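Student:
4 protein chains.
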Amino acid sequence: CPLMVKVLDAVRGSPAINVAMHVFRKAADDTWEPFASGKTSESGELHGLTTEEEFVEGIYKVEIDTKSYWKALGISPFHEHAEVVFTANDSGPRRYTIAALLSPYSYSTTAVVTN
Amino acid sequence: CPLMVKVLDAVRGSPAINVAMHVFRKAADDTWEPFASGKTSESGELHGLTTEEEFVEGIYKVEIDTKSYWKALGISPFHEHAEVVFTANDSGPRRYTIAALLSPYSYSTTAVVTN
Amino acid sequence: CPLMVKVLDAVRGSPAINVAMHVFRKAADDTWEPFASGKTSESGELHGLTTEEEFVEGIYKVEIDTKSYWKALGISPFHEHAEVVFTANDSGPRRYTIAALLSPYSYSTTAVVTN
Amino acid sequence: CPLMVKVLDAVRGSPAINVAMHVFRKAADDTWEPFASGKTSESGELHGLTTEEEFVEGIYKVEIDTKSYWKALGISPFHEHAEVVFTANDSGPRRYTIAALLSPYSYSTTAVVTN
Ligand SMILES: CCc1oc2c(Cl)ccc(Cl)c2c1C(=O)c1cc(I)c(O)c(I)c1
Ligand SMILES: CCc1oc2c(Cl)ccc(Cl)c2c1C(=O)c1cc(I)c(O)c(I)c1
Numbered sequence: 004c005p006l007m008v009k010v011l012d013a014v015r016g017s018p019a020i021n022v023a024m025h026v027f028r029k030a031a032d033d034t035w036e037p038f039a040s041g042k043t044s045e046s047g048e049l050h051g052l053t054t055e056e057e058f059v060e061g062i063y064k065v066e067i068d069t070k071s072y073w074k075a076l077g078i079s080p081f082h083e084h085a086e087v088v089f090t091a092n093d094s095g096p097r098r099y100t101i102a103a104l105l106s107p108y109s110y111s112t113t114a115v116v117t118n
Numbered sequence: 004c005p006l007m008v009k010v011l012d013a014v015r016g017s018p019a020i021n022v023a024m025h026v027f028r029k030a031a032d033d034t035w036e037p038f039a040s041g042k043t044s045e046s047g048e049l050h051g052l053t054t055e056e057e058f059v060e061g062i063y064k065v066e067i068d069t070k071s072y073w074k075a076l077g078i079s080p081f082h083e084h085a086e087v088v089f090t091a092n093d094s095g096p097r098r099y100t101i102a103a104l105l106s107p108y109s110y111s112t113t114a115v116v117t118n
Numbered sequence: 004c005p006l007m008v009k010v011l012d013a014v015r016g017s018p019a020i021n022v023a024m025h026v027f028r029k030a031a032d033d034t035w036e037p038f039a040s041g042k043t044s045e046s047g048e049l050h051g052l053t054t055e056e057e058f059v060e061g062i063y064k065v066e067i068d069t070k071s072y073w074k075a076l077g078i079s080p081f082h083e084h085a086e087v088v089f090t091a092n093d094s095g096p097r098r099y100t101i102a103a104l105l106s107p108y109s110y111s112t113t114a115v116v117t118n
Numbered sequence: 004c005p006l007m008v009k010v011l012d013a014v015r016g017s018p019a020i021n022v023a024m025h026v027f028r029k030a031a032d033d034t035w036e037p038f039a040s041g042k043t044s045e046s047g048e049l050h051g052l053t054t055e056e057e058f059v060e061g062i063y064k065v066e067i068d069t070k071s072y073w074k075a076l077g078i079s080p081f082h083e084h085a086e087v088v089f090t091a092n093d094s095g096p097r098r099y100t101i102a103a104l105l106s107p108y109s110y111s112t113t114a115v116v117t118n
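Residue numbers (this note's numbering), protein chains in the order written: chain X, 4 to 118; chain E, 4 to 118; chain A, 4 to 118; chain B, 4 to 118.
So this is what it looks like as structure tokens:
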């Protein structure tokens, strides 16, 4: 699993469950081609988005539907979505975890890139 | 000033100076139209992007060029940019401060919205 | 003003108003001695804690009463308080802004240090 | 495992390895009794601190030696340590993960409390 996403909820102190997201890959014409998508599990995680073979170098965008998450909780959110845009680069075997910690008016995001 | 941005550096504990950013507004045809742009000052702040009359209701995107910031400091960061996308002025005019705290592999972002 | 604190609310997207905090300084006997205290204003800021002459080198602790903040909003938060402990003025006098962004189960804290 | 700690590094985008920490429990005389300690693994995690039987309600402090971590990396840090102080409360079976994301001049911390 070369690319995984983890989402946590800073209001409830829990995994953010059933958070939908779409992953896009930047095309030569600078448009965002849909690449993969899913919803987070009960652990706030989304696995199995891509494979080693297809996860080639390039610019990728993860668009996390945080607005729908907060709306389902009855809490007014600020952002339309949380977007994480990064370049994936071949420097040895790399596994990427994109993590986001969500609050209604704020979010934090980090990457855990390992071998 | 109804739309201001502030950027801090979490490595040096300082304002993030000379950070370029572009603001877009979603058009009726669903494309992102250019709205305003600028760079942060010595205080890490960017003021004067718009006016109360021009800053109508809509969905706005602030694209903060964090990559160029880190690269000029010798650092190859994870993110291509920090994106902040939000609906503004849906309940009447408000003043928005978009803030981002930057590290090479992570950033946090929040908003301060006043009436 | 060499020591200022700013506190924001990540749920409401606003300053965190009326947040009490106590500042301590580590004594030569290694106990925490009271140094200054106050509460945040309508802007979420606390100024006037000390002076350049009084704010000598040393290890300082800012104890931010986040629990009382959340409880007054009806929320039972995770943390008892937010603690920020740092050495100040070790290379000569500096100006410090201690910032905290609060959510019920999470907070971020940073420092802005200027010469 | 009722209490676990996870530490990540926002400069290198990796688990924070070999980070030492001590856990304290508040005593009746308001002093901090040493309770448990350890160093994070290659995954940035510390398990096996306590057991269900001894992890009773009370106020607990996790003191994370972030200063030694950054010093070992040759990077000048702001904080003496990162402290996380919380009340553990019996509301059904609860597992606590205390997580911290570290930068030299800033850190974020959250709790993931589950059943
Ligand atoms: C969404 C995950 C996450 O994102 C963070 C950001 Cl962005 C800032 C600070 C923190 Cl602490 C976190 C954080 C975690 O708490 C976390 C991470 C992993 I990997 C994990 O297995 C568990 I359990 C918890
Ligand atoms: C409490 C202030 C604060 O703390 C943060 C943390 Cl800890 C992480 C990320 C962010 Cl973006 C912030 C943040 C701000 O938004 C901020 C800071 C300053 I100085 C400021 O003048 C204004 I306006 C806004």
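Ideal Cβ positions, reconstructed from N, Cα and C, are used throughout, including at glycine.
Going along chain X in order, which residues have a C-beta closer than 8 Å to the C-beta of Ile-62(E)?
Tutor: Ordered by position in chain X, the residues that pass the 8 Å Cβ test against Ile-62(E) are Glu-83.
Student: Taking Cβ positions, are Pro-5(B) and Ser-46(B) nearer each other than 8 Å?
Tutor: It is not a contact, given that the beta carbons lie outside the stated cut-off.
Student: DSSP three-state call for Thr-69(X): helix, strand or coil?
Tutor: In the structure shown, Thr-69(X) sits in a helix (DSSP, three-state: H, G or I).
Student: Is it the case that the Cβ atoms of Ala-13(E) and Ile-67(E) are separated by a distance below 8 Å?
Tutor: For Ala-13(E) and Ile-67(E), no; Cβs fall outside 8 Å.
Student: Which class does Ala-102(X) belong to by DSSP, given the choice of helix, strand or coil?
Tutor: Looking at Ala-102(X) - three-state DSSP - the assignment turns out to be strand.
Student: Please report whether the beta-carbon of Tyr-72(B) lies at a distance below 8 Å from any beta-carbon of chain E.
Tutor: Not one chain E Cβ lies under 8 Å of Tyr-72(B).
Student: Do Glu-86(A) and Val-88(B) have their C-beta atoms closer together than 8 Å?
Tutor: Yes, they are a contact pair.
Student: Tell me which same chain residues have a C-beta within less than 8 Å of the C-beta of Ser-79(B), skipping the five on either side of it?
Tutor: Contacts found: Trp-73, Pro-107.
Student: Using CA atoms only, rank isn't needed, just tell me which of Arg-28(A), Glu-56(A), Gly-41(A) is closest to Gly-95(A).
Tutor: Nearest of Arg-28(A), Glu-56(A), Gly-41(A) to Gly-95(A), Cα basis: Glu-56(A).
Student: If distances are taken between C-alpha atoms only, which option among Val-116(X), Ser-40(X), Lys-70(X) comes closest to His-82(E)?
Tutor: Of the candidates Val-116(X), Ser-40(X), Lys-70(X), the one whose C-alpha sits nearest the C-alpha of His-82(E) is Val-116(X).
Student: Below 7 Å between beta carbons is the criterion; list the residues of the segment 89–111 of chain A that meet it against any residue of chain B, in chain order.
Tutor: Result list: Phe-89, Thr-90, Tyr-108, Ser-109, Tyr-110, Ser-111.
Student: Any heavy atom of ligand 1 closer than 7 Å to the CB of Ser-111(X)?
Tutor: Yes.
Student: What does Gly-77(E) touch in chain A if you count any residue whose Cβ is under 7 Å from its own?
Tutor: Per Cβ cutoff of 7 Å: no residues; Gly-77(E) is ~21 Å from chain A at best.
Student: Tell me which residue opens and which closes the beta strand (DSSP E) that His-84(B) is part of.
Tutor: Per DSSP, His-84(B) belongs to the beta strand (DSSP E) from 82–91.
Student: I want to verify the contact list: residues of chain A whose CB lies under 7 Å from the CB of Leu-11(E), in sequence order.
Tutor: The contacting residues are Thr-113, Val-115.
Student: Do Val-65(A) and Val-10(A) have their beta-carbon atoms positioned less than 8 Å apart in this structure?
Tutor: In this structure, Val-65(A) does not lie closer than 8 Å to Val-10(A) by Cβ.
Student: Note down the Cα distance separating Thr-53(B) from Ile-62(A), rounded to an integer number of angstroms.
Tutor: Cα to Cα, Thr-53(B) sits roughly 31 Å from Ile-62(A).
Student: With a threshold of 7 Å, establish whether the CB of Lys-74(A) neighbours any heavy atom of ligand 1.
Tutor: The answer is no for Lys-74(A).
Student: Exposed or buried, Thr-34(X), counting other C-beta atoms within 10 Å across all chains shown (16 or more means buried)?
Tutor: Exposed, by the Cβ-count rule.
Student: May I ask whether a heavy atom of ligand 1 can be found less than 7 Å away from the beta carbon of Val-115(B)?
Tutor: Yes, the Cβ of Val-115(B) comes within 7 Å of a heavy atom of ligand 1.
Student: Which word fits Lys-42(B), buried or exposed, when buried means at least 16 other C-beta atoms lie within 10 angstroms of its C-beta?
Tutor: So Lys-42(B) ends up on the exposed side.
Student: Classify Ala-13(X) as helix, strand or coil using the three-state DSSP reduction.
Tutor: Looking at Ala-13(X) - three-state DSSP - the assignment turns out to be coil, as it is neither helix nor strand.
Student: Interface residues of chain B around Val-14(E) at Cβ under 8 Å?
Tutor: Under the 8 Å cutoff, chain B gives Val-14, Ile-78, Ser-106, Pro-107, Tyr-108.
Student: Roughly how many angstroms lie between the CA atoms of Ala-114(A) and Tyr-99(A), to the nearest whole one?
Tutor: Rounded to whole angstroms, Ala-114(A) to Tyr-99(A) spans 7 Å at the Cα level.
Student: Is the beta carbon of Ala-23(A) within less than 7 Å of some heavy atom of ligand 2?
Tutor: The answer is no for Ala-23(A).
Student: Based on the DSSP secondary-structure assignment, which residues constitute the bridge partners of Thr-43(X)?
Tutor: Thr-43(X) is not bridged to any residue.
Student: Less than 7 Å between the CB of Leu-104(X) and some heavy atom of ligand 1, yes or no?
Tutor: It does: the Cβ of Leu-104(X) is within 7 Å (strictly closer) of some heavy atom of ligand 1.
Student: Please tell me whether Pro-5(E) has its Cβ less than 8 Å away from any Cβ of chain A.
Tutor: Output row for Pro-5(E): interface = no.
Student: Alpha carbon to alpha carbon, how far is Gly-16(A) from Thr-69(X)? Give it in angstroms, no decimals.
Tutor: One C-alpha to the other measures close to 15 Å.
Student: Rounded to a whole number of angstroms, what is the C-alpha to C-alpha distance between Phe-38(X) and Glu-36(A)?
Tutor: Approximately 57 Å, taken between the alpha carbons.
Student: Whose C-beta lies closer than 6 Å to the C-beta of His-25(A) among residues of the same chain, with five residues either side of it excluded?
Tutor: So the qualifying residues of the chain are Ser-40, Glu-66.
Student: Going by DSSP in three states, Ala-31(B) sits in which element: helix, strand or coil?
Tutor: It is coil, neither helix nor strand.
Student: Is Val-8(B) close to ligand 1? I mean its beta-carbon at under 7 Å from any heavy atom of the ligand.
Tutor: No.
Student: For the putative contact between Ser-109(E) and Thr-90(X), defined by C-beta atoms under 8 Å, what is the C-beta separation to the nearest angstrom?
Tutor: With 8 Å as the limit, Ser-109(E) and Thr-90(X) do not qualify as a contact, their Cβ atoms being about 16 Å apart.
Student: On the criterion of 16 or more Cβ atoms from any shown chain inside 10 Å, does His-84(X) qualify as buried, or is it exposed?
Tutor: The residue is buried, with at least 16 neighbouring Cβ atoms inside 10 Å.
Student: Quick one: Cα of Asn-21(X) to Cα of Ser-44(X), how far?
Tutor: If I take the Cα positions, the gap works out to 6 Å.
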